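Right, one structure below, let's go through it.
Number of protein chains: 4
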Amino acid sequence: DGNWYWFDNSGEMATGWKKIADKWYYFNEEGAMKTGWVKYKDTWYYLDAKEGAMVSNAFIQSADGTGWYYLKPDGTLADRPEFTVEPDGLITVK
Amino acid sequence: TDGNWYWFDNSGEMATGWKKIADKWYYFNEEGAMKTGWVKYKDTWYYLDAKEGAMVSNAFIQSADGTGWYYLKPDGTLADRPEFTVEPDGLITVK
Amino acid sequence: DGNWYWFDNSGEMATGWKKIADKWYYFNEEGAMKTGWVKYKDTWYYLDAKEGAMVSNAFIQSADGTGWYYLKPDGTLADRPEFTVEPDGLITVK
Amino acid sequence: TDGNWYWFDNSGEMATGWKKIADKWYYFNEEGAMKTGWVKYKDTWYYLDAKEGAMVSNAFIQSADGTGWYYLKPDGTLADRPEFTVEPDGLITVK
Ligand SMILES: C[N+](C)(C)CCO
Ligand SMILES: C[N+](C)(C)CCO
Ligand SMILES: C[N+](C)(C)CCO
Ligand SMILES: C[N+](C)(C)CCO
Ligand SMILES: C[N+](C)(C)CCO
Ligand SMILES: C[N+](C)(C)CCO
Ligand SMILES: C[N+](C)(C)CCO
Ligand SMILES: C[N+](C)(C)CCO
Ligand SMILES: C[N+](C)(C)CCO
Ligand SMILES: C[N+](C)(C)CCO
Ligand SMILES: C[N+](C)(C)CCO
Ligand SMILES: C[N+](C)(C)CCO
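Chains as they are written, first to last, in UniProt numbering: chain W, 225 to 318; chain G, 224 to 318; chain U, 225 to 318; chain F, 224 to 318.
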C-alpha cells in the first residue's frame, strides 16, 4: 500500500491544507494525503474516505451509529453551543 | 396544462390518504390527488418528494429559507425540538 | 395492485402521450400509465420502469443482456440504418 | 497553483503506468503524474475520470463535440468500429 501526494508545477510538495481544483485536501507533514477525521490546530475537519476531499455543510453519521456530526460551510465541526434547534425542529448553527 | 396524479387499484378504488405503492410511501389528499412537499398528518409533519411524491425518510433536508436543516426520522416523521439531544462534542442524536 | 392516472385541473383524464412538468408519460386508452417498452403508431419508446417518465438520448440494456438500444433525443428508438460508427468507434445517429 | 497527483507505496516506489489502488484503476505517466481524460496505452484507448482519475469501464460517454458517443468495454478499452455489430432492430452489440 501507500498514499497519494501532490506536487505543484514548481516541484513543491503539498503538506497541510491545499486547495486543489475547487476542493480541499489535507496532507500530513510527510506529504501523505489524509482521509477521515483530522484535528488541525485544535479544530476538527472531515476528509472524504473515498477521494479525500474535505466535506462541508453536511451531516456525517457517527462511528457508533448513534447520531450525526455537522460540518459547517467552512468544513469545521460544530459544537453543541453552536446549535439552536427551534421548536418545530429546525436545526440552526452558528 | 396543470393537474394531479391519482392511483386506482385494479378494483377501481381511488387511493386516498397514505398508500404504499411498489415499496414507497405516498400520501393522497381527500380528493385522491397525490401530495408533494410538506404534509401534516395528525399533529406530525412529513415530507413528500416535491418531484416524485414518495415520502422522504432518515434524511436531512435544507430549510426553505436555507437558514437551517430539518431531519426526517426513518419512519418519515419530522423530528421536533423535544426529540433532539445534541451531545457536547456536537453529536446530534434523535429519539 | 393498480395504476397511476392523471387528471388536469379541468377534470380531463390523460390518455396517450402527456407532457407533465418537463417530463413525458404515456397512458393507455383507459388512462393507466405505462412503463417499459411501448409501441405507438409503429414507433418504439421506452418509459422508465420506476417513475414512468420517457427516457431520451440514452442507452438502455437489452433484456437478454446481449447489447443496448439507443433512444434518440426525441425518445424514439434508433434503427440500424440510422447508425454510423466511425473507425475509432464514435457512435453517430440520425 | 496547478500541479499533479502522485502515489508512492510504503516502500517509497513511485507509481508509474497502470496501478490499481483501493479497487480502482489509475494510470500514471512516466513521471508518476496521474493522467486524466483519454490515454493511449499501446494501440488502445482508455478514459480516466477527468475529475477523479479512475478508469471508466462499461460506460458510454458523450463525445467532445457532442456529435456521438463512445463506449468503453468492461475492461476499460475503447471499442473501435470493427468490434461493433449493430443488429437490424437497433440492438448494439460489442465484442
Ligand atoms: C519527485 N517528483 C517527480 C514526484 C516531483 C516532480 O519533480
Ligand atoms: C473525531 N471524533 C468524532 C472521534 C471526535 C469528536 O468530534
Ligand atoms: C413546520 N414546517 C416547517 C414543517 C411546515 C412548513 O411551514
Ligand atoms: C375510472 N377509472 C378508469 C379511473 C377506474 C378504473 O380503473
Ligand atoms: C408516476 N410517479 C408518481 C411515480 C412519478 C412522479 O411524477
Ligand atoms: C410510515 N407511515 C406513516 C407511512 C405508515 C403508517 O401509516
Ligand atoms: C375523478 N377524479 C376525482 C379522480 C377526477 C377530478 O374530478
Ligand atoms: C421492444 N423490443 C426491444 C422487444 C423490440 C425491438 O425494438
Ligand atoms: C480517438 N479518441 C477520440 C479516443 C482520442 C481523442 O482524440
Ligand atoms: C519522498 N516521498 C515522501 C515522496 C517518499 C516517501 O514515501
Ligand atoms: C485523490 N484522488 C485521486 C482519489 C482524488 C482525485 O482528485
Ligand atoms: C484493465 N487494465 C488494462 C487496467 C489491467 C491490465 O493491465
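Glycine included, every Cβ here is placed at the ideal spot set by N, Cα and C.
Bridge-paired residues (DSSP) for residue i
{"i": "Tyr270/W", "result": "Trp261/W"}
{"i": "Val279/U", "result": "DSSP, once it has assigned bridges, lists no residue as partnering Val279/U."}
{"i": "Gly226/U", "result": "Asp232/G"}
{"i": "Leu314/U", "result": "Answer is none; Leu314/U lacks a bridge partner."}
{"i": "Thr308/F", "result": "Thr316/F"}
Near ligand 8: residue i beta-carbon under 7 Å from a heavy atom
{"i": "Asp312/F", "result": "yes"}
Contacts that residue i makes with chain G (C-beta to C-beta distance below 9 Å)
{"i": "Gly226/U", "result": "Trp230, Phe231, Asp232, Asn233, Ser234, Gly235, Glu236, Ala238 and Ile244"}
Neighbour flag for residue i against chain F, beta carbons, 8 Å
{"i": "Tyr293/U", "result": "yes"}
Closer than 7 Å at the beta carbon, the chain G residues around residue i
{"i": "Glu310/U", "result": "Per Cβ cutoff of 7 Å: no residues; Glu310/U is ~38 Å from chain G at best."}
Cutoff 8 Å: residue i Cβ touching any chain G Cβ
{"i": "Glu275/U", "result": "yes"}
Contact test: residue i Cβ vs ligand 12 heavy atom, cutoff 7 Å
{"i": "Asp303/F", "result": "no"}
{"i": "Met278/F", "result": "yes"}
{"i": "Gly255/F", "result": "no"}
{"i": "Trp248/F", "result": "yes"}
{"i": "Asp298/F", "result": "yes"}
{"i": "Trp241/F", "result": "yes"}
Under 7 Å by beta carbon: chain C residues contacting residue i
{"i": "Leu314/W", "result": "The structure shown contains no chain C; its protein chains are W, G, U and F."}
Test: residue i CB closer than 8 Å to a CB of chain W
{"i": "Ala256/G", "result": "no"}
Within chain G, partners of residue i - CB distance below 8 Å
{"i": "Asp303/W", "result": "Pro311, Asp312 and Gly313"}
Chain U within 8 Å of residue i, Cβ atoms only
{"i": "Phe251/F", "result": "no"}
Ligand 1 heavy atom lying under 7 Å from the CB of residue i
{"i": "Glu236/F", "result": "no"}
Check: residue i C-beta below 7 Å from any heavy atom of ligand 3
{"i": "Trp261/F", "result": "no"}
Proximity test, residue i beta-carbon vs ligand 6 heavy atom, cut-off 7 Å
{"i": "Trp268/G", "result": "no"}
{"i": "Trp228/F", "result": "no"}
Distance cut-off 7 Å: residue i Cβ against heavy atoms of ligand 2
{"i": "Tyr293/W", "result": "yes"}
Ligand 7 heavy atom lying under 7 Å from the CB of residue i
{"i": "residue 321/G", "result": "Since the first and last residues shown for chain G are 224 and 318, residue 321/G lies out of range."}
{"i": "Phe231/U", "result": "yes"}
Distance cut-off 7 Å: residue i Cβ against heavy atoms of ligand 4
{"i": "residue 319/G", "result": "Shown here, chain G extends from 224 to 318; a query on residue 319/G therefore has no answer."}
Residue i beta carbon near ligand 11 (any heavy atom closer than 7 Å)
{"i": "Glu275/U", "result": "no"}
Ignoring anything shorter than 4 residues, give me the alpha helix (DSSP H) runs that lie fully in the UniProt repeat "Cell wall-binding 4" (238-257) of chain U, in order along the chain. none
What are the uninterrupted segments assigned as beta strand (DSSP E) that are 3 or more residues long and contained completely in the UniProt repeat "Cell wall-binding 6" (280-301) of chain G, given in chain order? Those beta strand (DSSP E) runs which fall completely within the UniProt repeat "Cell wall-binding 6" (280-301) of chain G and span 3+ residues are 282-285 and 292-295.
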